[PDB]
Amino acid sequence: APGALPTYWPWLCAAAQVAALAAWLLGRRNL
């Protein structure tokens, strides 16, 4: 679907992984 102007994918892709890592890492927080 060209014509559009995508320019917010990088924060979203990071928001996805950051959600997975932050979820596991949240288990620690006891160092």
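Residues numbered from 1 in each chain as written, not as in the entry; some residues may be left out. Heavy atoms only, no water.

Listed under the method field of the entry is solution NMR.

### Let's talk about the overall build of the protein
Defined as follows: Only DSSP runs of H or I reaching four residues or more are called helices, and only runs of E reaching two or more are called strands; each is numbered from the N terminus. For each residue, the accessible area found with a 1.4 Å probe, counting protein chains only, is set against the maximum for its type, and the residue is called buried under 20%, exposed over 50%, and partly exposed in between. Using a 1.4 Å probe, the Shrake-Rupley method yields the accessible areas, and only the shown protein chains count as cover for residues.
Tallying secondary structure elements over the protein gives 1 helix and 0 strands in all. Its C-alpha atoms give the protein principal-axis dimensions of about 50 × 10 × 5 Å. Buried positions account for 0% of the 31 residues belonging to the protein. Working note: accessible area of the protein is about 3,100 Å², and carbon and sulfur atoms make up 73% of it.

### A short note on the UniProt feature "transmembrane region" in the protein
Selection criterion: UniProt positions are given in the numbering used here, feature names are shortened, and annotations may be inferred rather than shown by experiment.
Taking the UniProt record as the reference, the feature "transmembrane region" is found at residues 9-27. End C-alpha atoms of residues 9-27 are separated by 28 Å, and the span's content is 89% helix alongside 0% strand.

### Side note on a nonpolar patch on the surface
Threshold: A patch is a set of surface residues, each over 30% in relative accessible area and not in a salt bridge, joined within 9 Å for like charges and within 5 Å for the nonpolar side chains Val, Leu, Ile, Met, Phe, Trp and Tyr. Salt bridge, as applied in this entry: a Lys or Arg side-chain nitrogen positioned within 4 Å of an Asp or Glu carboxyl oxygen.
A surface patch of nonpolar side chains, amounting to about 520 Å² of accessible area, comprises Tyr8, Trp9, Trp11 and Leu12. Mapped onto the elements, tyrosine 8 comes out in the segment before α1 (9-25). Classification of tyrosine 8 as partly exposed rests on a relative accessible area of 49%.

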